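All remarks here apply to the structure that follows.
Heads up, the Cβs are rebuilt from the backbone with ideal geometry, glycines too, and the neighbour counts pull from every protein chain shown. Taken together, the values in this text are just the output of simple stated rules run on the coordinates, not laboratory data.
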Amino acid sequence: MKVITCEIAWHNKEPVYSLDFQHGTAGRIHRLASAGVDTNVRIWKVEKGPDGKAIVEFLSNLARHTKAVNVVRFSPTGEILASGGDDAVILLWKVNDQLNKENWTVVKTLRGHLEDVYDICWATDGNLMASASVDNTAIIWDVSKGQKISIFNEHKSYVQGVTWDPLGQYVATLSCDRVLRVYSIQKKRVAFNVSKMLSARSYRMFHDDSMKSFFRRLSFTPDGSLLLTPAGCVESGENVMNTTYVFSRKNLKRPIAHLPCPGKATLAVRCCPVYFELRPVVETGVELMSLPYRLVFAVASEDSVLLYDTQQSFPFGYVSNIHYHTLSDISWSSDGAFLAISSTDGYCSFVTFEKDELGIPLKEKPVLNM
Amino acid sequence: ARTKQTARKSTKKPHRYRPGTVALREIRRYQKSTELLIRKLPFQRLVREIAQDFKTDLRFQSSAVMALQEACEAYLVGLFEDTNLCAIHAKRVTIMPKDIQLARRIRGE
Amino acid sequence: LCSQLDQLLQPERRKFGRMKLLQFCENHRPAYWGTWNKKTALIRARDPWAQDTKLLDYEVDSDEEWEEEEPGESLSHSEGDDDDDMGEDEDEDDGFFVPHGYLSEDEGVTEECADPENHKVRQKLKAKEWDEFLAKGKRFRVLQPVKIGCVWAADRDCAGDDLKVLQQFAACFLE
Amino acid sequence: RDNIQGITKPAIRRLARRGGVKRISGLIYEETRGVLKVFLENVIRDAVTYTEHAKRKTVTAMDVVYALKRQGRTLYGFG
Amino acid sequence: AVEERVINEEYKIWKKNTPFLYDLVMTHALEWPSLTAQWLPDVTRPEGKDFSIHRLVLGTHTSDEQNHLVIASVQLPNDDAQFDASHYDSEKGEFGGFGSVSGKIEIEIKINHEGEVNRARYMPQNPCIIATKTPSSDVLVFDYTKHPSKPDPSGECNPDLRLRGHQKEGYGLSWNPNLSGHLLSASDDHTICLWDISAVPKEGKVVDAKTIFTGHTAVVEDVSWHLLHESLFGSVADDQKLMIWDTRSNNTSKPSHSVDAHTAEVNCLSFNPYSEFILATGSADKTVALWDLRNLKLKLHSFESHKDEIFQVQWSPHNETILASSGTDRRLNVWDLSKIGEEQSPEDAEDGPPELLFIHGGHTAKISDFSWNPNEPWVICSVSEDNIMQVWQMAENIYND
């Protein structure tokens, strides 16, 4: 595990906000896209150098954006990319067969949030689309036809994170009003809605609008049995403290536990899409969930990023004091060996993972019950 | 010794940088200058009055007001060396209001 | 030393070179700074005033650079930097302050929060603002990167400093 | 309604000094104040749009930040 | 008229040709001409800045105005800023750019002075204490830390110390780098006054004549301590005489050694900051003679490049074998000892001997004074009589090849 601060010109010093790897190809080589206020989407090629360093190179640029972009995520297939800017429109791109080695062309023209967009989510197949914006609205799109199908207006404040159940039965959304909602697929309504919890004094678990954070990103576990929510509040005494909550499919009202994070505040939660064998450890309650196969995920705080696995409660991987400004986004490589760190300073950073450093990836990927 | 003498009285516009080979690490621009260099109170009164102009029954925070401040002079310096480069290209050193307008349009405000 | 003294006595930037600068007080022309790469054997330190044929014209460019003839206010020096003005204000109607702002926010917007909790939050925010004001005197502070390697509970020969540092980052479970 | 000139000559000359000039126009001052005013107005109105869309009365500096990015600039140390 | 026009045209030519020959030129026009000018050992390098700051002690030559001793702080861009790719000009094909951000010259403290400051020098160990020469017999000592920054509204100066022993003005003052408080003074009175201020009381103001030398029969032009010797110093006077005195000698009238200097009167002298056996003296016969302290009978080398009297000669804290001199020719000539006895083509010899390496003729008037920057190498400020003060540095390739 080695951490590389990226000193290269990313968006000619404009801050980064979103980034994504290529899930379709499991090869060591990776195609990386980035989000900045230059209204420019820049594709970059990354791979380990001869010294193992994650060295990067430009690939192509997108400049159609009349406005700044906030969230950028590829399809699970990775062949088609979702692009979202302040100009209140989302275009879909596919590579087409002086400074752009390849041309990437808009494929679909999706609107429905008529405001700045914060978050986008792909389905478990890449044919259904989830997106989050200023507009306090949750939208649902069909990638195949590229038209709006659903609108959820129950939110009172801004929504900074949406995610799709990999099983395909839930949609999880948060408001900036310290309110969390889970949505069914067939029912298309608020399956779950949690904002306050009794201890038995009752108080809200999430941080108010007073936070100096811009994004509240979170993701389903690729297994889909664990739900992770950053920007949590734990009031142990007269004070409240930053944390993130972990939820299981058994109950989405009461999280299984939480991870307190002294100092800075969590803003983004991402899970590596690869599985690993159960690391040999004493049979205790240290593990967050007991599963036949383990998984490792990254959490983006205000400044720090922390690494947790299925067996351990304390973070095994800890990094801090690397980016001067607050964090913006975190991305996992398809192989999981590249963990791309993006902040709001204007640069990114990488942490290279050697093969098997995080365990043996499963020989056969366990199926997910739809 | 040495003969002495009496002294006499003495009287392209977007400079975007290419995606590669750009590792500029200006650290000063990261941190706030903590150097207001503006009289706080005319600024505050002006903000209060224009706010009343727009809407009423509203309150501010000193943090928000000071933030407004550095936003102000940050935009000032940006436009300001923009005008400097314009006037140098304009083959002149005395700054004209047309220079401000031309730089303003260079950004596209 | 002294004893012996008495005894005996009795394109690439590296391809262009160093940045060059020149300023003249007399010029209406602005001061110039640029890298010079022109190589002429006629302009030598031995004969600085020798003609530079096919290199440049011996013609005045400061006048055409800046024929000022305008009220520039002589901003260069001796005026304006020292001038300053004080004043007195009113801040009782619309309080642009941390305590008054918090009070206006709490009066206008009411939530499901206890009054002692609101007082504690206001005190904590004021303390944070005061600490920020005190740390404002730090000004620029060069910051060194920190990185903690993959230390695991299996290993016991790792540095105990990093061990206690990550122990400070414990994961607190709840019953 | 008569605070358009509240911007002081010392403040404007000091801004001039920070940016690095040595010669200034005499009438440019009102143009500076007007550009100030327009940008101030854009900023504050957009912040109001947020705070109203925030369903809130007292605006926060977070609204300032969002207006800043919407118009397209960066804020340092406050996020 | 004709002379003024030809000097103007020569200066215009020098202005046009300086981009190829200088790497650093920083010219300013003074309110009043300065007879004295010198660096400060202290340098200011604020963190987070792309520049360095340097300080200068100068005086004023006012015919009917209160002469003020002046400290000038000067802004110098950093070495780190010396390598940056900002922009490129398609016209000049270089990384140029006129811009507007540059180092600046700022006067910090002015101290009232009784008449023109004939010569100003400070403690080699304490920049707080500075010694100034007056047109009167008096010798005054000023301290910026012990005086208000702005000159006092009262016209009368406020000297912290006044020294006695001389009967009229002079142009020679020096300090002892190895011994604290030891001053060497020169005056038209044909007397060389040695003063020690280390023993002056806190409230004392008048300093007596600790030692008066009278070996010279002419106007003692300059006196200076030895850079390494703790008790040795030399004197130069209008009697074309190079005199060596030892403070340990029991006789203040009998010199330690007496050797003639030239066929013309000599002005100053200078020793190596590193060596201790070689001294440089400039004379009115357009010659500067090197003297080995092993044998003063034979001149080590008498360089010849000026057309008139040479006034001030100074060695290099950076480079042991580097010397330059300026006089009424308005030309400052940089001289190297590594090119001594080197064959050169006549095309490089019409100007003069190959002993010379560089000439600075950017002076409208006679070069009043110069000093070599102990911190920054090759960095020199010189002042002409027309209150013209430039800070300059030549092309790097002229000495580094």
Notebook entry, point to check: Once every DSSP H run of n ≥ 4 in the protein assembly as shown is given -39500 (n - 2.57) and the sum is divided by its residues, what mean residue ellipticity at 222 nm do you get, rounded to the nearest 500 deg cm²/dmol?
Noted result: -5000 deg cm²/dmol
Next item on the list: Could you list E:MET26, C:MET19, A:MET289 in order of exposure, starting from the residue whose Cβ has the fewest other Cβ atoms within 10 Å?
Entry: A:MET289, C:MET19, E:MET26
Notebook entry, point to check: For D:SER25, which sequence-distant residues (separation of 5 or more, or a different chain) have an amide H within less than 5 Å of its own amide H, given hydrogens modelled in the peptide plane?
Noted result: B:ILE95
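Treating only the Cβ of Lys, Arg, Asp and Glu as charged (+1, +1, -1, -1), what charge dipole size does chain B show about its Cα centre? Round to the nearest 20 debye.
Dipole size: approximately 800 debye.
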Notebook entry, point to check: Which whole-Hz ³J(HN,Hα) couplings does the range E:41-55 yield from phi under the Karplus relation 6.51 cos²θ - 1.76 cosθ + 1.60, θ = phi - 60°, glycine and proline marked x?
Noted result: x, 5, 10, 10, 10, x, 5, x, 10, 9, 7, 10, 10, 9, 10
Check: So who's got an amide H within less than 5 Å of the one on A:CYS348, skipping anything under 5 residues away but keeping other chains? H placed 1.01 Å off N, in plane.
Finding: A:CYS6
Check: What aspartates and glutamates could a cross-link reach from C:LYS54, if we take a straight Cα to Cα line under 17 Å and drop same-chain neighbours fewer than 8 places away?
Finding: E:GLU91
Notebook entry, point to check: Got a sec? Charge dipole of the protein assembly as shown, +1 on Cβ for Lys and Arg, -1 for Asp and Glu; which of E:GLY215, A:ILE43, E:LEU227 is way out at the positive end?
Noted result: A:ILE43
Notebook entry, point to check: Taking amide hydrogens as modeled 1.01 Å from N in the peptide plane, which residues meet the under 5 Å criterion relative to E:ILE192, leaving out close sequence neighbours?
Noted result: E:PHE213, E:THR214
Note to self: If neighbour count is taken as other Cβ atoms inside 10 Å, put C:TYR58, A:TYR308, E:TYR11 in order from fewest to most.
What the structure shows: C:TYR58, E:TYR11, A:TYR308
Item checked: Footprinting exposure proxy for C:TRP49, C:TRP33 (fewest neighbouring C-beta atoms within 10 Å first) -> C:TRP49, C:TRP33
Next item on the list: Report, ordered by chain and residue number, the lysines lying within cross-link reach of C:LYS138, taken as a straight Cα distance under 26 Å and ignoring same-chain residues fewer than 8 apart.
Entry: A:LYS13, A:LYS212, A:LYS264, B:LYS32, B:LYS40, C:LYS124, C:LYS126, C:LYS128, C:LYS147, E:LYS49
Note to self: From the phi angles alone, apply the Karplus equation (6.51, -1.76, 1.60; θ = phi - 60°) to the range A:202-216 and give each ³J(HN,Hα) in whole Hz, x where the residue is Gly or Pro.
What the structure shows: 10, 8, 6, 7, 10, 7, 6, 5, 5, 5, 7, 9, 9, 10, 10
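Can you give the charge dipole size of the protein assembly as shown about its Cα centre, rounded to the nearest 20 debye, using +1 on the beta carbon of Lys and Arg and -1 on the beta carbon of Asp and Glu? Kindly include the intermediate steps, with their values, before the conclusion.
Numbers: 137 positive and 163 negative charges, 1001 e Å.
The dipole of the protein assembly as shown has a size of about 4800 debye.
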Notebook entry, point to check: Alpha carbon centre of the range B:40-91 versus the range A:208-280: separation in Å?
Noted result: 39
Item checked: Nearby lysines by direct alpha-carbon distance to E:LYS307 (threshold 24 angstrom, same-chain neighbours under 8 apart not counted) -> B:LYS4, E:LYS12, E:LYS15, E:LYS241, E:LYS286, E:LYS299, E:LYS339, E:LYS366
Next item on the list: Per residue of the range A:187-192, in order, report the coupling 6.51 cos²θ - 1.76 cosθ + 1.60 (Karplus, θ = phi - 60°) as ³J(HN,Hα) in whole Hz, putting x for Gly and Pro.
Entry: 6, 6, 9, 6, 5, 9
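Of the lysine pairs in chain D, how many meet both conditions: Cα atoms under 21 Å apart, and a spacing of 8 or more in sequence or different chains?
Values: D:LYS9/D:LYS22; D:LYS9/D:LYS37; D:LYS37/D:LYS69; D:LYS55/D:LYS69.
Step by step, the pairs that qualify in chain D add up to 4.
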